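Trainee: The structure is given below, and queries will be raised subsequently.
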Amino acid sequence: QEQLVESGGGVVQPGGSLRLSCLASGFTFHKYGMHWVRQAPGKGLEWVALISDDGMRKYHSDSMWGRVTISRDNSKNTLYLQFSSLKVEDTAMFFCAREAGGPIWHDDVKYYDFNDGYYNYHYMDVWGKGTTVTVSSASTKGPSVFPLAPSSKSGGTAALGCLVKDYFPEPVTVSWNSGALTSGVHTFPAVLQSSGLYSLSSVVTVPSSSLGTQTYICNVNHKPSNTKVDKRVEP
Amino acid sequence: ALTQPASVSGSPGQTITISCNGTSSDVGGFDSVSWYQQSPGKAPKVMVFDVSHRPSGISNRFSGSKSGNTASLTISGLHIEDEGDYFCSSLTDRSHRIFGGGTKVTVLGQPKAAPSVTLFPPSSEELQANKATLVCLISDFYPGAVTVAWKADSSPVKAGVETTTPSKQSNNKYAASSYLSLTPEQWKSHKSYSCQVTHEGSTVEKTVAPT
Ligand SMILES: *[C@@H]1O[C@H](CO)[C@@H](O[C@@H]2O[C@H](CO)[C@@H](O[C@@H]3O[C@H](CO)[C@@H](O)[C@H](O)[C@@H]3O)[C@H](O)[C@H]2NC(C)=O)[C@H](O)[C@H]1NC(C)=O
């Protein structure tokens with residue numbers, strides 16, 4: 001039934017041009033308005049553009065600085081968005097969303113506009129899982145591994161881990177003492193810093209008693225760059 | 001951007017209300033407010049539109065209102081399946097659409113757990129590499145919503161701060177990481193630096209000193 005599919009996504013160069021494509025089905029395409037909504041990683045929704053049913057009217061976000069252009073091909077039931085001079089901050093999820101709409105009634109009779117086209121309604125009733133877009137130029141690179149040593153604060157339980165920073169692309173696998181260490185182990189999700197390179201952190205909780213009597217070694221494997229590293233973390 | 005609280009929590013069966021403060025150029029200028037629910041790893045869903053109206057096939061527990069420049073979303077009798085992020089959106093006098101920051105709604109499924117926070121200074125090694133990065137790591141907190149605030153000495157710091165989205169552990173609690181990149185100089189100039197995570201009204205605080 002009513003469905004939208006987002007496609008044309010991937011990883012792209014800054015300053016380059018890109019063009020996304022949404023495909024609908026299960027409804028009369030040429031009767032509704034269409035939206036693009038973006039969502040940077042872990043951020044909130046952000047409005048991008050709105051195009052009228054016949055595509056002879058367009059609206060863009062004032063914060064897009066006119067770097068985006070929205071278009072449509074009603075004969076293909078397909079919606080388009082296009083970029084220019086992309087930026088790393090343009091990393092986000094790109095949703096396709098229909099604009100609710102239909103007749104408007106006064107008394108018991110319903111009125112349309114010329115052509116019998118729907119008046120607009122003001123709420124995106126249909127969504128399609130967005131396609132993802134990543135902006136980074138950094139060729140494949142190996143990660144640097146820095147020790148996060150146990151603070152002097154701890155008796156009780158101590159925390160220590162590895163700061164694996166400056167790699168590309170994902171993913172990276174992080175073990176401890178060669179897998180032997182599992183409990184109290186939390187490996188965090190990677191962040192894409194301004195650099196255009198990835199960073200992450202894995203940490204392990206231990207009894208402060210074990211400090212100096214137990215050797216902790218984080219094993220990092222960055223398959224892409226074919227790099228394996230071993231770092232000892234100590235007070 | 002519209003203003004929503006970062007997070008609201010409650011128990012099942014309990015009733016809740018998310019606020020959405022705005023201006024006279026949107027919320028207060030039009031009765032076209034919509035509410036969207038976004039459950040993890042999924043796509044938004046319309047819950048309310050034109051302030052109070054419920055689309056066909058939407059629970060009687062979702063209520064919406066408005067007052068001046070501030071509209072609301074009221075969930076009566078929280079079910080677990082209500083969990084997820086919620087966004088308010090309004091029409092604007094520029095014929096644009098605007099979204100709120102979003103509100104993570106948590107319905108308790110396991111007894112509350114205060115976070116365990118640790119703060120790392122830059123390693124000597126990174127500092128020989130002419131760089132600096134304070135790692136602030138948070139674990140074992142439930143609900144899965146926290147507020148990370150950095151402070152240089154006494155004053156707050158927003159620039160160069162990165163924070164990941166809370167994720168589930170093996171023990172079903174939540175963890176999050178926050179980085180604060182610095183130059184070797186900035187790091188040497190200040191007395192100290194403060195990492196402040198706010199979780200369920202309570203705030204823990206650790207502090208690294210370059211000294
Ligand atoms: C939009 O949301 C903001 C927060 O994001 C709301 O701020 C707070 O609103 C209350 C209600 O006016 C203010 O007064 C409160 O009174 C109750 C008792 O009636 C008390 O328990 C609270 O401690 C508080 O004193 C509160 O000061 C205010 N906080 C602010 C201003 O930051 C606000 O209600 C919303 N918008 C507007 C215009 O009120």
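Letters for chains follow the order of the structure tokens (A, B, ...), residue numbers begin at 1 for each chain, and ligand numbers begin at 1 in the order shown.
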For chain A versus chain B, which residues have an atom no more than 7 Å away, and what is each residue's nearest atom pair and distance in Å rounded to one decimal, using only C-alpha atoms, chain-then-number order, as a Markdown table?
Mentor:
| residue | atom | partner | partner_atom | distance |
| --- | --- | --- | --- | --- |
| A:42 | CA | B:165 | CA | 5.7 |
| A:44 | CA | B:101 | CA | 5.5 |
| A:45 | CA | B:99 | CA | 6.3 |
| A:46 | CA | B:99 | CA | 6.1 |
| A:47 | CA | B:98 | CA | 6.2 |
| A:122 | CA | B:32 | CA | 6.3 |
| A:123 | CA | B:34 | CA | 6.0 |
| A:125 | CA | B:46 | CA | 5.9 |
| A:127 | CA | B:43 | CA | 6.5 |
| A:128 | CA | B:43 | CA | 6.7 |
| A:129 | CA | B:43 | CA | 5.5 |
| A:146 | CA | B:123 | CA | 6.8 |
| A:147 | CA | B:123 | CA | 6.6 |
| A:148 | CA | B:120 | CA | 6.3 |
| A:188 | CA | B:177 | CA | 6.7 |
| A:189 | CA | B:164 | CA | 7.0 |
| A:191 | CA | B:164 | CA | 6.7 |
Trainee: Return as an NGL selection string the residues of protein, DNA or RNA that approach ligand 1 to within 12 Å, with only C-alpha atoms and all ligand atoms taken into account.
Mentor: :B and (2-8 or 17-24 or 28 or 66-72 or 100-101 or 103)
Trainee: Take the selection from the previous step and output its residues with N, CA, C and O atoms, as an mmCIF file, in the first residue's frame.
Mentor:
data_model
loop_
_atom_site.group_PDB
_atom_site.id
_atom_site.type_symbol
_atom_site.label_atom_id
_atom_site.label_comp_id
_atom_site.auth_asym_id
_atom_site.auth_seq_id
_atom_site.Cartn_x
_atom_site.Cartn_y
_atom_site.Cartn_z
ATOM 1 N N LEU B 2 12.026 24.706 17.669
ATOM 2 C CA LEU B 2 11.064 24.661 18.767
ATOM 3 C C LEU B 2 11.703 24.062 20.025
ATOM 4 O O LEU B 2 12.680 23.316 19.939
ATOM 5 N N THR B 3 11.147 24.387 21.189
ATOM 6 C CA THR B 3 11.745 23.976 22.459
ATOM 7 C C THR B 3 10.966 22.886 23.195
ATOM 8 O O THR B 3 9.859 23.114 23.690
ATOM 9 N N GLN B 4 11.574 21.704 23.268
ATOM 10 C CA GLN B 4 11.023 20.570 24.001
ATOM 11 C C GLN B 4 12.015 20.156 25.085
ATOM 12 O O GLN B 4 13.220 20.325 24.916
ATOM 13 N N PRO B 5 11.512 19.619 26.206
ATOM 14 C CA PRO B 5 12.394 19.088 27.253
ATOM 15 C C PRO B 5 13.203 17.922 26.695
ATOM 16 O O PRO B 5 12.670 17.154 25.899
ATOM 17 N N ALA B 6 14.464 17.791 27.094
ATOM 18 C CA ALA B 6 15.324 16.742 26.558
ATOM 19 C C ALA B 6 14.781 15.342 26.836
ATOM 20 O O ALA B 6 14.985 14.427 26.039
ATOM 21 N N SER B 7 14.098 15.174 27.965
ATOM 22 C CA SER B 7 13.603 13.857 28.354
ATOM 23 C C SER B 7 12.533 13.891 29.440
ATOM 24 O O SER B 7 12.594 14.699 30.368
ATOM 25 N N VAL B 8 11.559 12.993 29.319
ATOM 26 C CA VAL B 8 10.530 12.831 30.340
ATOM 27 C C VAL B 8 10.375 11.355 30.700
ATOM 28 O O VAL B 8 10.411 10.490 29.829
ATOM 29 N N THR B 17 3.023 14.530 30.140
ATOM 30 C CA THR B 17 2.796 15.692 29.284
ATOM 31 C C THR B 17 4.087 16.345 28.795
ATOM 32 O O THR B 17 4.859 16.883 29.587
ATOM 33 N N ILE B 18 4.313 16.300 27.484
ATOM 34 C CA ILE B 18 5.449 16.986 26.877
ATOM 35 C C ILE B 18 5.050 18.375 26.382
ATOM 36 O O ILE B 18 4.055 18.530 25.673
ATOM 37 N N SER B 19 5.825 19.384 26.770
ATOM 38 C CA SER B 19 5.580 20.755 26.331
ATOM 39 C C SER B 19 6.408 21.101 25.094
ATOM 40 O O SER B 19 7.423 20.465 24.821
ATOM 41 N N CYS B 20 5.963 22.117 24.358
ATOM 42 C CA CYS B 20 6.617 22.528 23.117
ATOM 43 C C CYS B 20 6.519 24.034 22.921
ATOM 44 O O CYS B 20 5.761 24.507 22.078
ATOM 45 N N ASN B 21 7.295 24.781 23.692
ATOM 46 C CA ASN B 21 7.312 26.233 23.588
ATOM 47 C C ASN B 21 7.767 26.742 22.226
ATOM 48 O O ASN B 21 8.706 26.212 21.650
ATOM 49 N N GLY B 22 7.087 27.768 21.724
ATOM 50 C CA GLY B 22 7.416 28.361 20.441
ATOM 51 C C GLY B 22 7.176 29.860 20.449
ATOM 52 O O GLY B 22 7.152 30.478 21.511
ATOM 53 N N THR B 23 6.989 30.440 19.265
ATOM 54 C CA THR B 23 6.815 31.883 19.125
ATOM 55 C C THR B 23 5.478 32.220 18.467
ATOM 56 O O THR B 23 4.652 31.340 18.234
ATOM 57 N N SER B 24 5.279 33.500 18.168
ATOM 58 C CA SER B 24 4.056 33.973 17.530
ATOM 59 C C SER B 24 4.136 33.826 16.015
ATOM 60 O O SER B 24 3.223 34.233 15.291
ATOM 61 N N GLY B 28 2.128 29.847 17.995
ATOM 62 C CA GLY B 28 1.189 30.867 18.420
ATOM 63 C C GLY B 28 0.520 31.589 17.267
ATOM 64 O O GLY B 28 -0.449 32.322 17.466
ATOM 65 N N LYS B 66 -2.997 23.324 23.118
ATOM 66 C CA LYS B 66 -2.165 24.485 22.832
ATOM 67 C C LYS B 66 -2.596 25.698 23.647
ATOM 68 O O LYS B 66 -3.765 25.834 24.012
ATOM 69 N N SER B 67 -1.638 26.571 23.936
ATOM 70 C CA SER B 67 -1.909 27.778 24.701
ATOM 71 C C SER B 67 -0.890 28.856 24.359
ATOM 72 O O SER B 67 0.290 28.731 24.690
ATOM 73 N N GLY B 68 -1.347 29.912 23.696
ATOM 74 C CA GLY B 68 -0.456 30.977 23.282
ATOM 75 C C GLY B 68 0.569 30.455 22.298
ATOM 76 O O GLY B 68 0.219 30.013 21.206
ATOM 77 N N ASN B 69 1.838 30.497 22.684
ATOM 78 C CA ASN B 69 2.904 30.047 21.802
ATOM 79 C C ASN B 69 3.436 28.674 22.194
ATOM 80 O O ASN B 69 4.504 28.264 21.744
ATOM 81 N N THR B 70 2.685 27.963 23.028
ATOM 82 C CA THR B 70 3.162 26.702 23.581
ATOM 83 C C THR B 70 2.096 25.616 23.487
ATOM 84 O O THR B 70 1.011 25.746 24.052
ATOM 85 N N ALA B 71 2.405 24.551 22.751
ATOM 86 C CA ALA B 71 1.491 23.423 22.612
ATOM 87 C C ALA B 71 1.977 22.256 23.460
ATOM 88 O O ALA B 71 3.085 22.289 23.993
ATOM 89 N N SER B 72 1.154 21.222 23.582
ATOM 90 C CA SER B 72 1.491 20.105 24.451
ATOM 91 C C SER B 72 1.095 18.754 23.862
ATOM 92 O O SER B 72 0.218 18.662 23.001
ATOM 93 N N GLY B 100 10.837 20.460 16.587
ATOM 94 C CA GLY B 100 11.383 20.638 17.917
ATOM 95 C C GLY B 100 12.632 19.797 18.077
ATOM 96 O O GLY B 100 12.910 18.928 17.250
ATOM 97 N N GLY B 101 13.386 20.059 19.139
ATOM 98 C CA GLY B 101 14.612 19.333 19.408
ATOM 99 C C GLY B 101 14.390 17.849 19.623
ATOM 100 O O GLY B 101 15.304 17.046 19.442
ATOM 101 N N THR B 103 12.008 14.848 22.156
ATOM 102 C CA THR B 103 11.985 14.421 23.554
ATOM 103 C C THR B 103 12.012 12.902 23.710
ATOM 104 O O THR B 103 11.073 12.213 23.314
#
Trainee: Once DSSP has gone over the backbone, tell me which residues of stretch 91-141 of chain A are in strand (DSSP E or B), as a ChimeraX atom specification.
Mentor: /A:92-102,104-106,109-111,119-135,141
Trainee: Per DSSP on the backbone, what are the helix (DSSP H, G or I) residues of stretch 129-220 of chain A, as number ranges by chain?
Mentor: A: 177-179, 208-210
Trainee: Show which residues sit within 8 Å of residue A:170, as a list in words. Count only C-alpha atoms, and ignore same-chain residues fewer than 4 positions away.
Mentor: residues 198, 222 and 224 of chain A
Trainee: Write to file, as a compact mmCIF listing (two decimals), in the first residue's frame, the residues of the selection just made, with C-alpha atoms.
Mentor:
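Saved to out09.txt:
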# COMPACT_ATOMS: atom_id res chain seq x y z
CA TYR A 198 36.29 8.06 13.30
CA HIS A 222 40.92 -2.30 12.01
CA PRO A 224 40.00 -2.09 6.47
Trainee: Quick one: residues within 7 Å of residue A:101, only C-alpha atoms counted, chain neighbours fewer than 3 positions away excluded, as a ChimeraX atom specification?
Mentor: /A:32,118-121
Trainee: Atoms to include: N, CA, C and O atoms. Write the selected residues as a tab-separated table (two decimals), in the first residue's frame.
Mentor:
chain	number	residue	atom	x	y	z
A	32	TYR	N	-0.40	14.70	-4.26
A	32	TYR	CA	0.10	15.14	-2.97
A	32	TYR	C	1.40	15.94	-3.06
A	32	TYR	O	2.12	15.87	-4.06
A	118	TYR	N	-6.04	18.46	-4.39
A	118	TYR	CA	-6.27	18.57	-2.95
A	118	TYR	C	-5.69	19.87	-2.39
A	118	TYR	O	-4.62	20.31	-2.81
A	119	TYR	N	-6.40	20.47	-1.44
A	119	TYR	CA	-5.79	21.49	-0.60
A	119	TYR	C	-4.82	20.79	0.33
A	119	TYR	O	-5.01	19.63	0.67
A	120	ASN	N	-3.79	21.51	0.76
A	120	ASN	CA	-2.80	20.94	1.66
A	120	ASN	C	-3.26	20.92	3.11
A	120	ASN	O	-4.18	21.64	3.48
A	121	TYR	N	-2.62	20.08	3.92
A	121	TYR	CA	-3.16	19.73	5.24
A	121	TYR	C	-2.30	20.07	6.45
A	121	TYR	O	-2.82	20.40	7.52
Trainee: Hey, which of A:201, A:151, A:63, A:209 ends up closest to residue A:48? Count only C-alpha atoms.
Mentor: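 Going through A:201, A:151, A:63, A:209 one by one, the smallest distance to residue A:48 is for A:63.
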Trainee: Would you pick out the contacts of residue B:185 at 10 Å or less, using only C-alpha atoms, so that residues sharing its chain but fewer than 4 positions from it are not included, and give the list as a PyMOL selection string?
Mentor: chain B and resi 127+130-132+189-190
Trainee: Can you write out the residues you just picked, keeping N, CA, C and O atoms, as a short mmCIF file (atom, residue, chain, number, x, y, z; two decimals), in the first residue's frame?
Mentor:
data_model
loop_
_atom_site.label_atom_id
_atom_site.label_comp_id
_atom_site.auth_asym_id
_atom_site.auth_seq_id
_atom_site.Cartn_x
_atom_site.Cartn_y
_atom_site.Cartn_z
N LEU B 127 49.61 14.14 23.89
CA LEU B 127 50.15 15.47 24.15
C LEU B 127 51.52 15.66 23.50
O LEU B 127 51.95 16.78 23.24
N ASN B 130 50.92 16.58 19.99
CA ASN B 130 50.40 17.94 19.87
C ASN B 130 48.88 18.04 19.86
O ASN B 130 48.32 18.96 19.27
N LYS B 131 48.22 17.10 20.52
CA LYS B 131 46.76 17.11 20.58
C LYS B 131 46.29 16.81 22.00
O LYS B 131 47.09 16.47 22.87
N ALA B 132 44.99 16.95 22.24
CA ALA B 132 44.42 16.71 23.56
C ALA B 132 42.95 16.34 23.47
O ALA B 132 42.19 16.96 22.72
N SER B 189 46.25 25.93 30.23
CA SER B 189 45.95 27.27 30.72
C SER B 189 44.95 27.29 31.88
O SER B 189 45.04 28.15 32.76
N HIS B 190 44.00 26.36 31.88
CA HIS B 190 42.93 26.36 32.87
C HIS B 190 43.27 25.54 34.11
O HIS B 190 43.98 24.55 34.03
#
Trainee: Got a sec: who's within 6 Å of residue A:157, counting only C-alpha atoms, leaving out chain neighbours fewer than 5 positions off, as a PyMOL selection string?
Mentor: chain A and resi 206-208
Trainee: Would you put the residues from that selection into a file with N, CA, C and O atoms, as a PDB file, in the first residue's frame?
Mentor:
ATOM      1  N   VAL A 206      37.181  -2.840  36.773  1.00  0.00           N
ATOM      2  CA  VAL A 206      37.920  -3.844  37.524  1.00  0.00           C
ATOM      3  C   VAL A 206      38.031  -3.436  38.990  1.00  0.00           C
ATOM      4  O   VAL A 206      37.813  -2.276  39.334  1.00  0.00           O
ATOM      5  N   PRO A 207      38.347  -4.401  39.869  1.00  0.00           N
ATOM      6  CA  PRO A 207      38.647  -4.096  41.272  1.00  0.00           C
ATOM      7  C   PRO A 207      39.978  -3.356  41.366  1.00  0.00           C
ATOM      8  O   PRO A 207      40.980  -3.873  40.876  1.00  0.00           O
ATOM      9  N   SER A 208      39.991  -2.174  41.979  1.00  0.00           N
ATOM     10  CA  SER A 208      41.217  -1.388  42.105  1.00  0.00           C
ATOM     11  C   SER A 208      42.346  -2.210  42.717  1.00  0.00           C
ATOM     12  O   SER A 208      43.520  -1.849  42.616  1.00  0.00           O
TER      13      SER A 208
END
Trainee: Find the residues near residue A:70: any atom within 12 Å, counting only C-alpha atoms, skip ones fewer than 4 places away on the same chain, and give them as a VMD selection string.
Mentor: chain A and resid 19 to 22 33 to 37 48 to 52 55 to 61 64 66 78 to 83 96
Trainee: How about saving the chosen residues, N, CA and C atoms kept, as a PDB file, in the first residue's frame?
Mentor:
ATOM      1  N   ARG A  19      22.608  13.369  -5.865  1.00  0.00           N
ATOM      2  CA  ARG A  19      21.193  13.408  -6.204  1.00  0.00           C
ATOM      3  C   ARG A  19      20.473  12.176  -5.669  1.00  0.00           C
ATOM      4  N   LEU A  20      19.605  12.399  -4.687  1.00  0.00           N
ATOM      5  CA  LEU A  20      18.814  11.333  -4.082  1.00  0.00           C
ATOM      6  C   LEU A  20      17.513  11.116  -4.858  1.00  0.00           C
ATOM      7  N   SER A  21      16.904   9.948  -4.681  1.00  0.00           N
ATOM      8  CA  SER A  21      15.687   9.605  -5.413  1.00  0.00           C
ATOM      9  C   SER A  21      14.720   8.782  -4.564  1.00  0.00           C
ATOM     10  N   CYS A  22      13.513   9.311  -4.386  1.00  0.00           N
ATOM     11  CA  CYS A  22      12.468   8.646  -3.616  1.00  0.00           C
ATOM     12  C   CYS A  22      11.465   8.004  -4.574  1.00  0.00           C
ATOM     13  N   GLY A  33       1.684  16.711  -2.018  1.00  0.00           N
ATOM     14  CA  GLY A  33       2.939  17.425  -1.910  1.00  0.00           C
ATOM     15  C   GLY A  33       3.955  16.517  -1.256  1.00  0.00           C
ATOM     16  N   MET A  34       5.232  16.849  -1.399  1.00  0.00           N
ATOM     17  CA  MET A  34       6.280  15.973  -0.899  1.00  0.00           C
ATOM     18  C   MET A  34       7.348  16.731  -0.121  1.00  0.00           C
ATOM     19  N   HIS A  35       7.929  16.054   0.862  1.00  0.00           N
ATOM     20  CA  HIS A  35       8.923  16.663   1.728  1.00  0.00           C
ATOM     21  C   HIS A  35      10.232  15.878   1.748  1.00  0.00           C
ATOM     22  N   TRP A  36      11.316  16.585   2.049  1.00  0.00           N
ATOM     23  CA  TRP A  36      12.568  15.958   2.444  1.00  0.00           C
ATOM     24  C   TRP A  36      12.854  16.360   3.888  1.00  0.00           C
ATOM     25  N   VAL A  37      13.091  15.375   4.747  1.00  0.00           N
ATOM     26  CA  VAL A  37      13.463  15.639   6.136  1.00  0.00           C
ATOM     27  C   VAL A  37      14.769  14.921   6.470  1.00  0.00           C
ATOM     28  N   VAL A  48      13.882  20.156   5.314  1.00  0.00           N
ATOM     29  CA  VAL A  48      14.764  20.483   4.195  1.00  0.00           C
ATOM     30  C   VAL A  48      14.042  21.218   3.065  1.00  0.00           C
ATOM     31  N   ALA A  49      13.008  20.589   2.514  1.00  0.00           N
ATOM     32  CA  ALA A  49      12.258  21.180   1.408  1.00  0.00           C
ATOM     33  C   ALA A  49      10.867  20.577   1.233  1.00  0.00           C
ATOM     34  N   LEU A  50       9.984  21.356   0.614  1.00  0.00           N
ATOM     35  CA  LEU A  50       8.625  20.931   0.296  1.00  0.00           C
ATOM     36  C   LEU A  50       8.281  21.303  -1.147  1.00  0.00           C
ATOM     37  N   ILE A  51       7.801  20.329  -1.915  1.00  0.00           N
ATOM     38  CA  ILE A  51       7.407  20.571  -3.305  1.00  0.00           C
ATOM     39  C   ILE A  51       5.907  20.342  -3.504  1.00  0.00           C
ATOM     40  N   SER A  52       5.265  21.235  -4.254  1.00  0.00           N
ATOM     41  CA  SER A  52       3.835  21.123  -4.529  1.00  0.00           C
ATOM     42  C   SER A  52       3.521  19.964  -5.477  1.00  0.00           C
ATOM     43  N   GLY A  55       4.539  20.339  -8.923  1.00  0.00           N
ATOM     44  CA  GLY A  55       5.967  20.603  -8.983  1.00  0.00           C
ATOM     45  C   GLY A  55       6.320  21.960  -9.557  1.00  0.00           C
ATOM     46  N   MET A  56       5.320  22.826  -9.669  1.00  0.00           N
ATOM     47  CA  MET A  56       5.534  24.181 -10.152  1.00  0.00           C
ATOM     48  C   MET A  56       5.688  25.149  -8.981  1.00  0.00           C
ATOM     49  N   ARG A  57       5.750  24.603  -7.770  1.00  0.00           N
ATOM     50  CA  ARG A  57       6.015  25.400  -6.575  1.00  0.00           C
ATOM     51  C   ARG A  57       6.964  24.675  -5.619  1.00  0.00           C
ATOM     52  N   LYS A  58       8.027  25.361  -5.212  1.00  0.00           N
ATOM     53  CA  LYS A  58       9.003  24.771  -4.300  1.00  0.00           C
ATOM     54  C   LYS A  58       9.290  25.661  -3.093  1.00  0.00           C
ATOM     55  N   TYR A  59       9.626  25.027  -1.974  1.00  0.00           N
ATOM     56  CA  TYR A  59       9.964  25.737  -0.748  1.00  0.00           C
ATOM     57  C   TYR A  59      11.204  25.101  -0.126  1.00  0.00           C
ATOM     58  N   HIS A  60      12.180  25.924   0.242  1.00  0.00           N
ATOM     59  CA  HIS A  60      13.418  25.414   0.820  1.00  0.00           C
ATOM     60  C   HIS A  60      13.699  26.018   2.189  1.00  0.00           C
ATOM     61  N   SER A  61      14.525  25.323   2.963  1.00  0.00           N
ATOM     62  CA  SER A  61      14.933  25.806   4.272  1.00  0.00           C
ATOM     63  C   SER A  61      15.928  26.947   4.116  1.00  0.00           C
ATOM     64  N   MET A  64      19.556  26.034   4.428  1.00  0.00           N
ATOM     65  CA  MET A  64      20.200  25.245   3.382  1.00  0.00           C
ATOM     66  C   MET A  64      21.022  26.145   2.473  1.00  0.00           C
ATOM     67  N   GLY A  66      20.427  27.640  -0.010  1.00  0.00           N
ATOM     68  CA  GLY A  66      20.189  27.395  -1.420  1.00  0.00           C
ATOM     69  C   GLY A  66      21.162  26.399  -2.027  1.00  0.00           C
ATOM     70  N   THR A  78       8.301   9.474  -8.801  1.00  0.00           N
ATOM     71  CA  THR A  78       9.590   9.589  -8.122  1.00  0.00           C
ATOM     72  C   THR A  78       9.938  11.027  -7.716  1.00  0.00           C
ATOM     73  N   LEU A  79      10.448  11.183  -6.496  1.00  0.00           N
ATOM     74  CA  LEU A  79      10.839  12.487  -5.960  1.00  0.00           C
ATOM     75  C   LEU A  79      12.359  12.611  -5.917  1.00  0.00           C
ATOM     76  N   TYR A  80      12.873  13.788  -6.260  1.00  0.00           N
ATOM     77  CA  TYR A  80      14.318  13.992  -6.303  1.00  0.00           C
ATOM     78  C   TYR A  80      14.806  15.117  -5.389  1.00  0.00           C
ATOM     79  N   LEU A  81      16.012  14.943  -4.860  1.00  0.00           N
ATOM     80  CA  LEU A  81      16.724  16.006  -4.168  1.00  0.00           C
ATOM     81  C   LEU A  81      18.139  16.014  -4.715  1.00  0.00           C
ATOM     82  N   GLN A  82      18.716  17.201  -4.847  1.00  0.00           N
ATOM     83  CA  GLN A  82      20.042  17.314  -5.430  1.00  0.00           C
ATOM     84  C   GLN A  82      20.905  18.304  -4.671  1.00  0.00           C
ATOM     85  N   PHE A  83      22.191  17.992  -4.573  1.00  0.00           N
ATOM     86  CA  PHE A  83      23.117  18.792  -3.790  1.00  0.00           C
ATOM     87  C   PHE A  83      24.219  19.406  -4.639  1.00  0.00           C
ATOM     88  N   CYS A  96      11.939  10.641   3.191  1.00  0.00           N
ATOM     89  CA  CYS A  96      10.967  11.077   2.201  1.00  0.00           C
ATOM     90  C   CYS A  96       9.595  11.051   2.866  1.00  0.00           C
TER      91      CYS A  96
END
Trainee: Go through B:57, B:201, B:184, B:64 and flag the residue nearest residue B:145, using only C-alpha atoms for the distances.
Mentor: B:201
Trainee: My list of candidates is B:108, B:149, B:73, B:209. Which is closest to residue B:191 when distances are computed with only C-alpha atoms?
Mentor: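 Selected residue with least distance to residue B:191: B:209.
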Trainee: Which residue out of A:68, A:233, A:190, A:203 has the minimum interatomic distance to residue A:169 when only C-alpha atoms are used?
Mentor: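 Closest to residue A:169, using only C-alpha atoms: A:190.
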Trainee: Calculate how many Å separate atom CA of residue A:231 from atom CA of residue A:172, rounding to one decimal.
Mentor: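 For atom CA of residue A:231 relative to atom CA of residue A:172, the distance reads 15.0 Å.
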Trainee: Hey, which of B:107, B:159, B:129, B:188 ends up closest to residue B:9? Count only C-alpha atoms.
Mentor: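 Closest candidate: B:107.
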